[PDB]
Amino acid sequence: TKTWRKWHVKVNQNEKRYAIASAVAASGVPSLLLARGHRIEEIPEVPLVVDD
Amino acid sequence: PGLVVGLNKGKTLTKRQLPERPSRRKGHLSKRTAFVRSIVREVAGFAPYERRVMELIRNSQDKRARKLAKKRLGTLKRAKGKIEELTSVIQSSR
Amino acid sequence: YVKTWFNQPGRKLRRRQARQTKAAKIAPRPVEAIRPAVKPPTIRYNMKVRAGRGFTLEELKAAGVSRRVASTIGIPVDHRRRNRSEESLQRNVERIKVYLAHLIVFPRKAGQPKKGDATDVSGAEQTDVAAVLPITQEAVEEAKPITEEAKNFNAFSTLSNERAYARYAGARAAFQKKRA
Amino acid sequence: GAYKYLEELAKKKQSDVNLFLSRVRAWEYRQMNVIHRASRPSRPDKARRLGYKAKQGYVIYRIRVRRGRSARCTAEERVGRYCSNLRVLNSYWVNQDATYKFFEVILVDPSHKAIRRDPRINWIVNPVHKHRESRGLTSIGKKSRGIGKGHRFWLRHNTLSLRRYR
RNA sequence: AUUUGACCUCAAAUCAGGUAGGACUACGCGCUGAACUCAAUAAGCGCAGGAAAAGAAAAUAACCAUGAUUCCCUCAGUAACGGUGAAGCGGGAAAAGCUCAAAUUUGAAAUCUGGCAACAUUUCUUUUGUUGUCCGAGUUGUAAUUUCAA
RNA sequence: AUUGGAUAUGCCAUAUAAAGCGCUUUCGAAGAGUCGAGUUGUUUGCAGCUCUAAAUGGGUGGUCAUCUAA
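Chains as they are written, first to last, in the authors' numbering: chain C, 105 to 156; chain i, 3 to 96; chain L, 21 to 200; chain N, 2 to 69, 96 to 180, 189 to 201.
Printed below as a string of structure tokens:
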């Protein structure tokens with residue numbers, strides 16, 4: 105084994121921003137959270153917003 | 003003409019006269035160093051190939067004299083630089 | 021022989037700390053010196069302006085600050101560069117003037133503002149040069165009215181002529197010198 | 002100043018006076034040792050313009066080396108090895124004959140206080156200047172290894196730089 | 001005759017005070033250098049440091065000109081050579097400039113090591129200096145001014 | 001317990017001086033067996049050897065431009 109194996113991988117910035125935007129949109133959906141495994145049965149509202 | 007092509011090609015701006023740079027001066031002949039060069043000249047003499055050039059020039063065989071001078075030094079400009087100097091010494095001796 | 025880059029984040033962090041240490045050590049003054057506006061020396065980049073090494077003696081003298089004190093107040097001096105056009109001259113001159121106008125000098129020995137100093141110096145603050153002196157690019161020409169003599173002027177017809185003049189310049193250069 | 006006259010006379014090496022002096026001096030150094038102390042430099046103008054001052058701490062050694096690598100560099104290395112408590116400042120050609128070239132090497136005693144208190148030569152006391160003549164940091168050393176400024180004057192090729200992201 | 005004193009050269013001292021060796025070697029600078037382009041590699045030899053080396057143009061350019069060195073991306077696998085293989089420019093990291101010889105202080109060697117005696121000071125009774133006095137170095141040039149940007 | 005740099009404060013210093021800036025009615029010293037040439041050797045650069053320079057001269061780039069080596 106050598107140290108100059110390709111350890112890091114380059115991702116396009118637009119692809120990264122696409123994934124992050126989809127991840128936020130996914131977090132704003134109740135059903136995806138239940139599949140994720142979060143016990144949010146009695147969470148009052150999704151997306152959840154709290155004051156400053 | 004403010005043009006990209008031509009013998010005066012390039013942009014046109016207001017040209018400024020640059021101040022004189024002292025390192026451009028080197029090669030000038032100061033009066034004091036010229037005097038000192040005179041003193042060492044009269045106290046040291048001339049090299050053996052110079053003496054041969056005196057003999058060659060006093061015999062008036064200038065072609066061979068410049069040919070051997072170029073052979074001794076290596077460049078035609080140095081050979082000419084020698085010749086004018088030793089002829090200049092020649093009329094001074096005369 | 022291979023050169024691996026596994027210390028790239030480490031080098032980046034070390035450089036940032038060195039900048040931070042430099043700023044802490046010499047905080048009263050900006051961490052970057054003033055730099056002159058200079059044009060690249062080629063046909064491919066002569067349309068841009070970048071930061072030169074330092075100002076010249078002619079620019080320093082025209083601005084009124086001596087080459088001796090210029091280093092002390094933070095104005096780098098380049099003894100090799102020379103100004104071949106006034107356009108660059110007053111350009112770098114006005115860079116220094118705005119620098120000096122925004123410059124405040126703390127009096128030495130803290131006894132009195134001897135000639136060139138600042139009376140009130142409590143407003144000290146470390147700010148970068150780029151904010152006060154933002155280096156710009158070559159001025160982009162704005163819309164201008166149609167010029168009639170230029171309209172009659174063809175264009176590359178001339179570039180063909182002065183080109184043909186340039187290529188055969190030696191041809192007529194011979195012609196005149198041989199017939200004269 | 003007489004050093005101008007000394008310098009201008011040193012230019013003309015084929016002069017009758019220079020030829021006679023060189024032969025007599027070269028003969029004298031022959032039955033002298035291969036490396037021997039010279040209490041006063043034979044070319045004071047050359048020594049001064051090379052960095053030698055007539056003060057306690059500067060040492061002049063004369064060395065003869067046979068002809069037929097750079098003789099000036101070899102002379103500096105041998106003198107430096109022969110005087111191990113001295114830093115080789117510079118060296119200069121003084122004489123030559125059919126087979127022997129003669130050089131004078133200027134050395135400085137870093138342990139002497141007249142050197143350690145002089146700000147114009149204090150740089151040589153630092154340990155980075157031990158055996159400059161052997162590492163190739165003298166005038167003839169730099170010229171021999173080709174150190175210069177210009178297009179006329189390796190590790191960047193034999194390596195293949197592999198960046199993190201590629 | 002010859003005795004006395006100088007200068008020059010060269011010796012001797014278990015003279016006073018210092019310094020060099022050897023080791024480590026990953027990185028650094030040189031010398032040298034094969035064989036199966038290999039490779040200015042491995043081996044051999046010399047020499048340092050915390051970095052070393054390089055460094056303030058006897059530099060690029062042919063532009064509206066750039067402006068010490070080093071490193072990185074790019075130039076570019078291009079020019080070039082017959083597989084080898086750059087550099088200028090451009091973008092960054094970092095920036096800091098200088099010192100001598102060459103000219104008379106001639107109304108004044110103004111310079112400096114060492115010995116002796118005090119005064120001190122300390123990472124330190126362990127360090128580093130100051131003054132006075134003597135001898136010496138030094139006019140075959142030590143100080144101050146000048147380094148071409150002038 | 002050390003220090004590194006600044007601030008306030010006290011005491012010595014000796015300026016009969018030194019330095020920067022604008023002008024010249026002035027002069028402007030600048031590195032030699034070194035550059036360079038021929039030849040042999042090493043990967044233009046370097047070295048050995050024959051020979052050996054100049055002072056608006058010398059080096060570099062295609063009369064001009066830029067630098068000022070030893």
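Even for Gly, the Cβ is constructed at its ideal location relative to N, Cα and C.
{"Asked": "Assigned exposure category for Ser111(N) - 16 Cβ within 10 Å defines buried", "Found": "exposed"}
{"Asked": "Rounded Cβ spacing between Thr147(L) and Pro48(L) (contact assumed at less than 8 Å)", "Found": "So it is not a contact: roughly 11 Å between Cβ atoms."}
{"Asked": "Coil, strand or helix - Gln123(N) by DSSP", "Found": "strand"}
{"Asked": "Cβ of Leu197(N) within 8 Å of any chain C Cβ", "Found": "yes"}
{"Asked": "Members of the segment 95-115 of chain L that neighbour chain i once the beta carbon cut-off is set at 8 Å", "Found": "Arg102, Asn103, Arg104, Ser105, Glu106, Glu107 and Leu109"}
{"Asked": "Whole-Å CB distance - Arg73(L) paired with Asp98(L), under 8 Å assumed", "Found": "5 Å"}
{"Asked": "Contacting positions in the segment 49-63 of chain L - beta carbon closer than 7 Å to chain N", "Found": "none"}
{"Asked": "Neighbourhood of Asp124(N) by C-beta distance below 7 Å, restricted to the same chain and skipping five residues each side", "Found": "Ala27"}
{"Asked": "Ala98(N) beta carbon less than 8 Å from that of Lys47(N)", "Found": "no"}
{"Asked": "Helix, strand or coil at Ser111(N) according to DSSP, with G and I counted as helix", "Found": "coil"}
{"Asked": "Bridge partners - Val133(C), DSSP secondary structure assignment", "Found": "Paired residues: none, contrary to the question."}
{"Asked": "Member of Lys82(i), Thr89(i) and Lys11(i) whose CA lies at the smallest distance from the CA of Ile63(L)", "Found": "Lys11(i)"}
{"Asked": "Within chain C, the residues that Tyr200(N) reaches when beta carbons sit closer than 7 Å", "Found": "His112 and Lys114"}
{"Asked": "Continuous alpha helix (DSSP H) stretch holding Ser90(i): start and end", "Found": "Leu78 to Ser95"}
{"Asked": "Chain i contact for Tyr185(L) (CB, 8 Å cutoff)", "Found": "yes"}
{"Asked": "Within 8 Å, strictly: CB atoms of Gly4(i) and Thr14(i)", "Found": "yes"}
{"Asked": "Run of the beta strand (DSSP E) containing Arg63(N), from where it starts to where it stops", "Found": "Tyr59 to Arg67"}
{"Asked": "Closer than 7 Å at the beta carbon, the chain i residues around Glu182(L)", "Found": "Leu5, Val7 and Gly8"}
{"Asked": "Enclosing alpha helix (DSSP H) for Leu195(N) [first to last residue]", "Found": "That residue, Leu195(N), is in no alpha helix (DSSP H); its beta strand (DSSP E) goes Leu195 to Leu197."}
{"Asked": "8 Å Cβ cutoff, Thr89(i) in contact with chain N", "Found": "no"}
{"Asked": "Through-space distance from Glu52(L) to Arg159(N), alpha-carbon basis", "Found": "37 Å"}
{"Asked": "Local Cβ density within 10 Å of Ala121(L), reported as buried at 16 or more and exposed below that", "Found": "exposed"}
{"Asked": "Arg23(i) classed as buried or exposed, judged by whether at least 16 other C-beta atoms fall within 10 angstroms", "Found": "exposed"}
{"Asked": "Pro45(N) vs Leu7(N) beta-carbon contact at 8 Å", "Found": "yes"}
{"Asked": "Contact check, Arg18(i) vs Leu80(L), beta carbons under 8 Å", "Found": "no"}
{"Asked": "Under the three-state DSSP convention, the category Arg38(N) falls into", "Found": "strand"}
{"Asked": "Cross-chain neighbours of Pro24(i) in chain L, by beta carbon under 9 Å", "Found": "Within 9 Å Cβ-Cβ: nothing; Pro24(i) doesn't reach chain L, min ~11 Å."}
{"Asked": "Own chain partners of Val132(N) with C-beta closer than 7 Å, once the 5 adjacent residues on each side are dropped", "Found": "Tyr62, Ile64, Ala102, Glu103, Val106, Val115 and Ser118"}
{"Asked": "Same chain only: Cβ atoms within 8 Å of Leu75(i), ignoring 5 sequence neighbours per side", "Found": "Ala81 and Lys84"}
{"Asked": "Member of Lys45(L), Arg55(L) and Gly84(L) whose CA lies at the smallest distance from the CA of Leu153(L)", "Found": "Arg55(L)"}
{"Asked": "Buried versus exposed, by CB contacts within 10 Å (16 or more), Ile148(N)", "Found": "buried"}
{"Asked": "Contacts that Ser171(N) makes with chain i (C-beta to C-beta distance below 8 Å)", "Found": "None at all; the shortest Cβ gap to chain i is about 23 Å."}
{"Asked": "Span separating the alpha-carbon of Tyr30(N) from that of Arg101(L)", "Found": "51 Å"}
{"Asked": "Runs of alpha helix (DSSP H) wholly within the segment 128-185 of chain L (minimum 4 residues, chain order)", "Found": "149-152 and 168-172"}
{"Asked": "Range of the contiguous alpha helix (DSSP H) that encloses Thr24(L)", "Found": "Per DSSP, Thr24(L) belongs to no alpha helix (DSSP H); it is in the beta strand (DSSP E), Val22 to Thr24."}
{"Asked": "Cross-chain neighbours of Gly47(i) in chain N, by beta carbon under 7 Å", "Found": "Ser16 and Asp17"}
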